[PDB]
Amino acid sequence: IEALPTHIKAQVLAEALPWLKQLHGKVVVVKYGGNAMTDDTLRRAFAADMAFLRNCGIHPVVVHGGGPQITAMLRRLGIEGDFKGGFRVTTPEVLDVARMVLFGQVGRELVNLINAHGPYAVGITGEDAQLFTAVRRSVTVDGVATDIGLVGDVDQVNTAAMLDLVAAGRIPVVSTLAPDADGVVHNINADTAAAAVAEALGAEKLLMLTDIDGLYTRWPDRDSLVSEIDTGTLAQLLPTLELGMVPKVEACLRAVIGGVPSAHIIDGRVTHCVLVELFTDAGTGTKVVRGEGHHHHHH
């Protein structure tokens, strides 16, 4: 805590060098969500960490999400959500509420928390300066022709305009909402979006906070927790996983394969989780790396 010998405090910082050296001047996309937003002590720690990275010469890019906040508003307002299946179905009136909450509330919280350390955080959506557009998406059953609503995926990204912000020393706080070729705003999956922007900016790393200690090869058995998994194998386990990890996983795959050296799935329930995963050799969380070939499977 504080009664720790100085000679040991230095032995901690000193060990981070190999990491500070690997991240310096590099972009790092962090997907904020889960207990990280909920718990006060956790988020306050998250904001402090972003400042840490910023004051080390690292370029953090935060991508956050909503859901509970969005549902809370839709209820508090009284919108009777329609369910064209097993999904919420994002209708126009709903999009307005989603965007309102995500950008005007959730993101605001984060920005102010970060800026408690300096003029760093700046909130933006795909709408602002058209940082990134979206393409309408839909779900299955089997005709797959089910229109879920104004939901979509990140289509294109203006990495140029984005890398300009990190250059000015700002920490962009992204709210997954982007217009399509026609101009209508669409709500995008925070996880997938984070992966998209990660690849586009040529990020050195992609972090994703979750209320889980890692990835499970077969959920029930917690002995199936992998601290590191190679791309080829993950792509083969995808069609046999939990739906809640599919976005997290696909995001990592799209990222690590799109060029992002590695993607991490850490436990956001831990205080200063980002500092631990970046400057400590703790085998906590799941690390994804590009790896194809029978040998990556055989070993």
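Don't overthink the numbering: it's just position in the shown sequence, from 1.
Trainee: Looking at the entry, does 167-175 or 129-137 show the higher mean C-alpha B-factor?
Mentor: Between 167-175 and 129-137, it is 129-137.
Trainee: State which stretch shows the higher mean Cα B factor in the entry: 39-47 or 52-60.
Mentor: Between 39-47 and 52-60, it is 39-47.
Trainee: At the C-alpha atoms, which of 196, 207, 145, 122 reaches the highest B-factor in this entry?
Mentor: Across 196, 207, 145, 122, the entry lists the biggest C-alpha B-factor for 145.
Trainee: Name the residue from 117, 76, 99, 108 with the greatest C-alpha temperature factor listed in the entry.
Mentor: If I rank 117, 76, 99, 108 by C-alpha B-factor, first place goes to 76.
Trainee: Taking the values exactly as deposited, rank residue 28 by C-alpha B-factor within its chain and report the matching third: lowest, middle or highest.
Mentor: Answer is lowest: the recorded C-alpha B-factor places it there.
Trainee: Comparing residue 188 with the other modelled residues of its chain, is its CA B-factor in the lowest, middle or highest third?
Mentor: Residue 188: CA B-factor falls in the middle third of its chain.
Trainee: In terms of the chain's CA B-factor thirds, is residue 226 lowest, middle or highest?
Mentor: Middle third by C-alpha B-factor.
Trainee: Per the entry's values, where does residue 238 land by CA temperature factor relative to the rest of its chain, in the lowest, middle or highest third?
Mentor: Within its chain, residue 238 is a highest-third residue by C-alpha B-factor, going by the deposited values.
Trainee: Please rank the C-alpha B-factors of the chain's modelled residues and tell me whether residue 112 sits in the lowest, middle or highest third.
Mentor: Lowest third of the chain for residue 112's C-alpha B-factor.
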